[PDB]
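Just so it is clear, none of the values below were taken in a lab; they were calculated from the coordinates. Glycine gets a Cβ as well: all are built from the backbone with ideal geometry, and neighbour counts include every protein chain shown.
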Amino acid sequence: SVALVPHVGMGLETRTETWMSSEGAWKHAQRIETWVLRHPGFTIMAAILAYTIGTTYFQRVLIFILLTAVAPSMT
Amino acid sequence: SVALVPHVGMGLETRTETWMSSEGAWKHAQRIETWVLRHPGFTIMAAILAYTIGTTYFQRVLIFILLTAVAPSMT
Amino acid sequence: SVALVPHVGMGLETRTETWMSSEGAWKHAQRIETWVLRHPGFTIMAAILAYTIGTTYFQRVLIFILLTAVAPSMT
Amino acid sequence: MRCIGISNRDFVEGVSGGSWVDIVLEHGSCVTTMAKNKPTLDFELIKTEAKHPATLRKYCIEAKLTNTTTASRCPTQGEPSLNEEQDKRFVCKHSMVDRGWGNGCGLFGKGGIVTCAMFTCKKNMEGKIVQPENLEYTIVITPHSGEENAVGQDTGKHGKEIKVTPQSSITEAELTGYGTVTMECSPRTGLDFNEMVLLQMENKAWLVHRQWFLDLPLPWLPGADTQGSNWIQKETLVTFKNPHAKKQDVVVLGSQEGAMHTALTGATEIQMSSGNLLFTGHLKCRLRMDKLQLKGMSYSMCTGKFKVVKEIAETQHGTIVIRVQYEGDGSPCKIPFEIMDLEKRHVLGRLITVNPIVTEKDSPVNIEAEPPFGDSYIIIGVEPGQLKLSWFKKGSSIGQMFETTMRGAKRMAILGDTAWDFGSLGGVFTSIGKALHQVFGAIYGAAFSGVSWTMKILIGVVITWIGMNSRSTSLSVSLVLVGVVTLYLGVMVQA
Amino acid sequence: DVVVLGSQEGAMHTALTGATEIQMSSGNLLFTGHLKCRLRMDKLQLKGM
Amino acid sequence: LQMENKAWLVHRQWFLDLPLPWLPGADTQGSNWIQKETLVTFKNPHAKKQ
Amino acid sequence: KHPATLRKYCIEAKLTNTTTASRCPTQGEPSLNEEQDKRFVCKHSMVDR
Amino acid sequence: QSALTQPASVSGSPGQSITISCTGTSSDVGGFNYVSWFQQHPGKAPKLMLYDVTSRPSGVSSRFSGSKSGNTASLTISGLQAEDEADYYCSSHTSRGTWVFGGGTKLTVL
Ligand SMILES: *[C@@H]1O[C@H](CO)[C@@H](O)[C@H](O)[C@H]1NC(C)=O
Ligand SMILES: *[C@@H]1O[C@H](CO)[C@@H](O)[C@H](O)[C@H]1NC(C)=O
């Protein structure tokens, strides 16, 4: 889809308001939260995997965040 | 045949487009790709022979690539 | 071209003689020999490279043979 | 000013104490030369013509077999005889077929057999050779004046065309109003035409190596044969088939035109109709600017107003060309043209169309200038009515330096050991570099002749690996350097 | 510019190296290959017994 | 980029990487669309019909 | 007997009706009406303007 | 790549400035600077008055000026002398390698 690749980080942004800026600033976060709520099972597996591949609290948290962010994102 | 002596490497090369340059730049490599796709059995045996011949890791890969290049082009 | 992908290794060979079996039995080796004769410089360099890359006389000879056979065919 | 609008334009800056500069010309390329007090000139090699070509060999690419005859011998009686067998326009082959009572022999064994067919050529490719004395290069010298096209003049442009032959390799171009320029060219080194063949196949021609041409596997006449009844190597274009040892037949081996086209890859194609025009050569010349002078240096600055009749445009080479027209009193006058900063307190850019002048009032003059990287302002005219134009150049100085080094390396790869003569003004460093490059290029051509670009890359990788894993630091660095160089040459080769 | 790249009959002949030629002027006759048969000698009688 | 009655100001490389059927700016016949496969779906659900 | 044709190959062709179209720099690609037809072999390249 | 559009007739009193418009497409007139204006007196071959949008031949008066904006190219005559009364044809080398001529316009001057 064309919608899958938005015109977001292109460096053309002025002081003038961009298209669908206000509403679309939090769409990704809302979608991720809704997906996590709908599919609680996968988040537990992601947390377990992140903890398994750890060796530092910072590492595990980053791994879990990335997994949870890209699990809904990769179609 | 005459097509097997292509005049590719005979010097004499100016800054002008030669005959069948873009087409013929990768045509041999593409031929080798198709041949390896059609004949995966020989590639496995060539890898085994390269591994068993030559002790250093560099040696094995050099032998494997040389054999896989000679095989299709031996005609 | 088509001439670069002959029908020699197909495995469909009966007792009947094939299209240019008599002519083409030694064409490739003759062409490699002619190439070595015409372009002696690469042969010496290939010999030196094979000697450097091979720890044993078997590795050196095999590598040199492969380099010599690939150079003309690769063109 | 033809050299603008061509992507291969190259700038030669400066002359030597003697007012000469060495420049290598190429067919695709173009050269713009700028000296302190000399006008800028554009040199391009447009035509290279080889004359009076002599055919050395004709090759057959599509044969034909017509009158097949055969003779058989019974076992233990030796080989049979055909009178066509010692005819040179017949291709013959001896074999053995099973013989016996059914065959009519009376002995059981292999009986000798001979078959002959008449070889006729239907299409051939003429490999011609040209004497190096018969090359006639054609060059165009256009003074980068800024003048527009004139319909009335016999020459619409003021570009002058000079022909350089190996015997008359010194010639002077008389550029009206700009003095004269002298070219001291060296045609005999541009291409070695004693190792080249002008290979003309049916409707197309190529410039190919001569040993390559003499080592082709096709039937060939010596080139002086008008009758064409003594083809050599006839067996490369026919096949003799003896299946089951029962019969023997001989058939022609099919039109070889496509196989020849595949074998011609890597050969530069050259026109060979209505003359032998090669558009791939390069020529080395020594340009003498001593008699070359600027036009209108004894003119006064224009005091009137200028209007741009052609909006400023940026060429591919990082310079700008604009077209201005004059609305002032002084008929011929120098055009005031500067590239300054916004406050006009620094000169940032340099003019390429040196000494822009306005010969006729109703005649626009178009100026090529080289603005600096970044913001700059093109000022044209004097204060009353002066026009100031802004411009931004999108590059960077480090980027231009990298691009220039790439261009120098590329010309070294193309004109190996002759690139040193592209902008040389004499000098010890240039001569030392050229000699070292000659030695190394001789070694490289010896050790890398007749090798494809993929093989070049493979050898470069192997040599770089050997250098990397080397106990000695001197050999390690030398081998790594050789590997990097041959990797670059393999990447840039076969174009 | 675009060129037609000649005729590929001879290159094809070179490519067909290693293929057993056959006949197709009439009926696609093949004169190569084997055939596996079983012999039934049971009902074979010597002619001159 | 002007769509139906609304226009935007977009990045050039982003616009040339749009996954839609396109014509060149000078196409002038209007029928030779390039990546038409982005705007159609081919279905062969049971390997029975397409 | 009765072999069915599987694939026809071209060994000798001929090019005709050659045509060219150009665009000024930064204006995209040119358009040739012959590009719609699939029996025309076409190629896109860039030339200095 | 079709015939360019020009007004059928144009008129202007002597000494006035007269403008002719040639409207093409993104390939005829808006794509390339191959805009040339031809002046043809009746019963005579056309005369190249302007080329390259603005440039004029060596023998052409300075009263002839050309401009191009978008897909439209214009020709303006200033002195508008009686000898300027003729049919003015616009042309352009289209993107397909062909030549398109405008319908032409006529100057009455008086
Ligand atoms: C070859 O055959 C042709 C067939 O017409 C004949 O005219 C010609 O004389 C023959 N040439 C020989 C047998 O040398
Ligand atoms: C191609 O050119 C021929 C003339 O040689 C003409 O008869 C034919 O109509 C043309 N076809 C196309 C598609 O341009």
(request) Write down the radius of gyration of segment B:1-42 and its Dmax, each obtained from C-alpha positions, in Å. (result) 13.8, 43
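Once you average over the residues of D:213-219, how many Cβ atoms of partner chains fall within 10 Å of each Cβ?
Across the residues of D:213-219, the mean count of other-chain Cβ atoms within 10 Å is 3.
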(request) Could you work out the Kirkwood radius for chain D, taking every pair of different alpha carbons, averaging 1/r and inverting it, reported in Å? (result) 28.0
(message) Output the 0 to 90 degree angle, nearest 10, between the alpha-carbon long axis of helix A:57-73 and the longest principal axis computed from the alpha carbons of chain A.
(response) 60
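Taking every DSSP beta bridge that has both residues in the protein assembly as shown, what percent is antiparallel when rounded to the nearest 5?
On the way: 139 of 147 bridges.
Counting only bridges with both partners in the protein assembly as shown, antiparallel ones make up about 95 percent.
Averaged over its residues, how many other protein chain Cβ atoms are within 10 Å of peptide H:25-38's Cβ atoms?
2
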(request) Rounded to the nearest Å, what's the spacing between the alpha carbon centres of segment G:20-49 and segment H:37-76? Just the number, please. (result) 30
(request) Over the whole of F:20-26, what's the average partner chain Cβ count within 10 Å per residue? Rounded to a whole number, please. (result) 6
(request) Estimate the FRET efficiency between H:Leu48 and D:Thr76 by the formula 1/(1 + (r/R0)^6), using the beta-carbon distance for r and 60 Å for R0, to the nearest 0.05. (result) 0.05
(request) Return the tail of the calculated pair distribution for chain H, meaning the percent of Cα-Cα pairs more than 24 Å apart. (result) 16
(request) Enumerate the amide H contacts of H:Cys90 below 5 Å, restricted to partners 5 or more residues apart or on another chain; note that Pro and chain-start residues carry no placed amide H. (result) H:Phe38, H:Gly102, H:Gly104
(message) If you build the convex hull over the alpha carbons only and average its shadow over all orientations, what do you get for chain G? Give it in nm² to one decimal.
(response) 5.8
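Total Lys pairs in segment D:290-384 closer than 18 Å by alpha-carbon, pairs eight or more apart in sequence or interchain only? Kindly include the intermediate steps, with their values, before the conclusion.
Working: D:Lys295/D:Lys334; D:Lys295/D:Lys361; D:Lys305/D:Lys334; D:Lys305/D:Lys361; D:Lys307/D:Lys334; D:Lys307/D:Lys361; D:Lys310/D:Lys361; D:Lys334/D:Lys361.
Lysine pairs, 8 or more places apart or on different chains, close enough: 8.
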(message) Taking amide H atoms as placed 1.01 Å from N in the peptide plane, list the residues 5 or more away in sequence, or in a different chain, whose amide H sits under 5 Å from that of B:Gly11.
(response) D:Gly450
(message) Residue by residue through segment C:41-47, what is 3J(HN,Hα) from phi via Karplus (6.51 cos²θ - 1.76 cosθ + 1.60, θ = phi - 60°)? Round to whole Hz and write x for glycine and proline.
(response) x, 5, 5, 5, 4, 5, 4
(request) Output ³J(HN,Hα) for segment B:15-23: one whole-Hz value per residue in order, computed from phi by the Karplus curve 6.51 cos²θ - 1.76 cosθ + 1.60 with θ = phi - 60°, and x for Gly and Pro. (result) 9, 10, 5, 7, 6, 6, 7, 5, 4
(request) Could you work out the per residue convex hull volume over the alpha carbons of chain C, in cubic angstrom? (result) 128
(request) Show the residues, 5+ positions off or on another chain, whose built amide H is closer than 5 Å to the amide H of B:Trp19. (result) D:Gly266, D:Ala267, D:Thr268, D:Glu269
(message) Among D:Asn355, D:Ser396, D:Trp453, whose Cα projects farthest towards the positive end of the dipole of chain D, with charges put on the beta-carbon of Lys, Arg (+1) and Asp, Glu (-1)?
(response) D:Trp453
(request) For segment D:191-201, just list the computed ³J(HN,Hα) in residue order, Karplus coefficients 6.51, -1.76 and 1.60, θ = phi - 60°, integers in Hz, with x standing in for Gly and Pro. (result) 9, 8, 7, 8, 10, 10, 10, 8, 8, 9, 8
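Can you tell me the FRET efficiency between H:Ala8 and D:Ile443 if r is taken as the Cβ-Cβ distance and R0 is 60 Å, rounded to the nearest 0.05?
Details: r = 76 Å, r/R0 = 1.27.
E between H:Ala8 and D:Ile443, to the nearest 0.05, is 0.20.
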(request) Identify the residues of segment D:178-193 with backbone N under 19 Å of a label point that sits 7 angstrom from the Cα of D:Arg350 along the Cα-to-Cβ direction, or state none. (result) none
(message) Return the equivalent ellipsoid semi-axes of segment D:1-95 as a descending list in whole Å, where each equals the square root of 5 times an eigenvalue of the C-alpha gyration tensor.
(response) 69, 14, 12
(message) Run the simple label-point estimate for D:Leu342 and D:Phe402 please: 7 Å along Cα→C-beta, distance reported in nm.
(response) 2.9
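Taking each pair of distinct Cα atoms in the protein assembly as shown once, what is the resulting Kirkwood hydrodynamic radius in Å? Intermediate values should be presented prior to the final figure.
Values: mean 1/r = 0.0282 Å⁻¹.
One over the average 1/r among Cα pairs gives 35.5 Å for the protein assembly as shown.
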